[PDB]
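# Coordinate analysis (summary)
What follows is each chain in one-letter form.
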Amino acid sequence: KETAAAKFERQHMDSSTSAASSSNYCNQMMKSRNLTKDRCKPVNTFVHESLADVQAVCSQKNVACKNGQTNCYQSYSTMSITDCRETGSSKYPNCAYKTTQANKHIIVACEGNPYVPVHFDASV
Ligand SMILES: [Cu+2]
Ligand SMILES: [Cu+2]
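Sequence positions are given from 1 along each chain as written, possibly unlike the numbering in the entry, and residues without coordinates are left off. Numbering of ligands from 1 and lettering of chains from A proceed in the order in which they are written. Based on all heavy atoms of the structure, the side-chain values leave hydrogens and waters out of the count.

For this coordinate set, the PDB header names X-ray crystallography as the determination method and states a resolution of 2.0 Å.

This is how it looks when you write it as structure tokens:
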């Protein structure tokens, strides 16, 4: 259906906006990106930077991933991101999210050739 790289783009990339367009951004994005189809994915981060800039992170700061692996890389500088966290009232099928706009360093897991971001590890 898709590739691991394209899946990262679907779940974590939104280069069309410099930041969350409204407090309802996460409710809209989580749905349109098919992240609430089977269940309400609890947490998710979207990156408001060009693909090239996020892909460049694979050549930046090598750090360990949350799972112990060491194919993770942290951005040298901060990026415009939107943290989407499911609200306490949220209940599938009616997924509801709190939209939080921030500027933080991102940590992504890189794989393949071309070595590109495939998993979003965290924002710091
Ligand atoms: Cu920095
Ligand atoms: Cu993987």
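### Some words on the overall build of the protein chain
The following threshold applies: A run of DSSP states H or I qualifies as a helix once it reaches four residues; a run of E qualifies as a strand once it reaches two. Both are numbered from the N-terminal end. Within these notes, the globule rule equals 2.2 Å times the number of residues to the 0.38 power, and the radius of gyration is based on C-alpha atoms. Exposed residues in this analysis have more than 50% of their type's maximum accessible area, buried residues have under 20%, and partly exposed residues fall in between, with area computed by a 1.4 Å probe over protein chains only. Between two residues, a contact is recorded if the distance between any of their heavy atoms is within 4.5 Å.
In terms of helices and strands, the protein chain carries three helices and seven strands. Its helices and strands taken in sequence order, the protein chain reads α-α-β-α-β-β-β-β-β-β from the N to the C terminus. In terms of overall dimensions, the protein chain is globule-like: its C-alpha atoms have a radius of gyration of 14 Å, near the 14 Å expected for 124 residues. Dimensions along the principal axes, computed over C-alpha positions, put the protein chain at roughly 40 × 30 × 25 Å. For the protein chain, the proportion of its 124 residues judged to be buried stands at 39%. Sequence separation of 24 or more characterises 62% of the internal contacts of the protein chain that already satisfy a separation of 6 or more.

### Looking at the state of the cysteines
This is how it is decided: Criterion for a disulfide: a pair of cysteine sulfur atoms within 2.5 Å.
The final tally for this structure, using the stated rule, is four disulfides. Here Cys58 engages in a disulfide with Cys110; their sulfurs sit 2.3 Å apart. Linking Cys58 and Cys110, the disulfide has an S-S dihedral of approximately -90° and is accordingly described as left-handed. A residue pair is termed long-range when its members are at least 10 positions apart, and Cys58 in the loop between α3 (51–55) and β2 (61–63) and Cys110 in strand β6 (residues 106–111) qualify at 52 residues. Residues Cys58 and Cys110 agree in their burial class; the two are buried.

### A closer look at the side chain of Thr45
Within the fold, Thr45 resides in strand β1 (residues 43–47). Classification of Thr45 by relative accessible area gives buried; the value is 6%. Residues contacting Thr45, with those up to four places away along its chain left out, are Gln11, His12, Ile81, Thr82, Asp83 and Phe120.

### Things to note about the UniProt feature "disulfide bond" in the protein chain
Rule in force here: UniProt positions are given in the numbering used here, feature names are shortened, and annotations may be inferred rather than shown by experiment.
In these coordinates the annotated UniProt disulfide of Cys26 and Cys84 is reproduced, with an SG-SG gap of 2.3 Å that lies under 2.5 Å. With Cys26 in helix α2 (residues 25–32) and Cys84 in strand β4 (residues 79–86), this residue pair connects regions lying 58 residues apart in the sequence. Residue classification places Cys26 among the buried residues on the basis of a relative accessible area of 0%. Here the bond UniProt gives for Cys40 and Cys95 holds up, since the two sulfurs are only 2.2 Å apart. Residue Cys40 is located in the loop between α2 and β1, and its partner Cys95 is located in the loop between β4 and β5 (97–104); the two are separated by 55 residues in the primary sequence. Across the pair, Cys95 and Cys40 agree in class, each one buried.

### Re the sheet that holds strand β3 (residues 72–74)
Backbone hydrogen bonds hold the strands of a sheet together, and the pairing may be parallel or antiparallel. Convention followed: Think of it this way: DSSP has to see at least two bridges between two strands before they count as a pair. To obtain an axis, a line is fitted to C-alpha atoms, over the contacting stretch when the element is a helix, and the angle between two such axes runs from 0 to 180 degrees between their N-to-C directions.
Spatial strand order, β2-β3-β6-β7: four strands in an open sheet with antiparallel pairing. Each end of this open sheet is capped by a strand with a single partner; those strands are β2 and β7 (116–123). Direction aside, neighbouring strands of the sheet carry axes that sit 35° apart on average. Judged from the three bridges that link them, β3 and β6 form a sheet pairing that is antiparallel. Each bridged residue has a counterpart across the sheet, and for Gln74 the counterpart in β6 is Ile107. Across the face of the sheet, helix α1 (residues 4–12) comes into contact with β6 and β7 while running at roughly 35° to β7.

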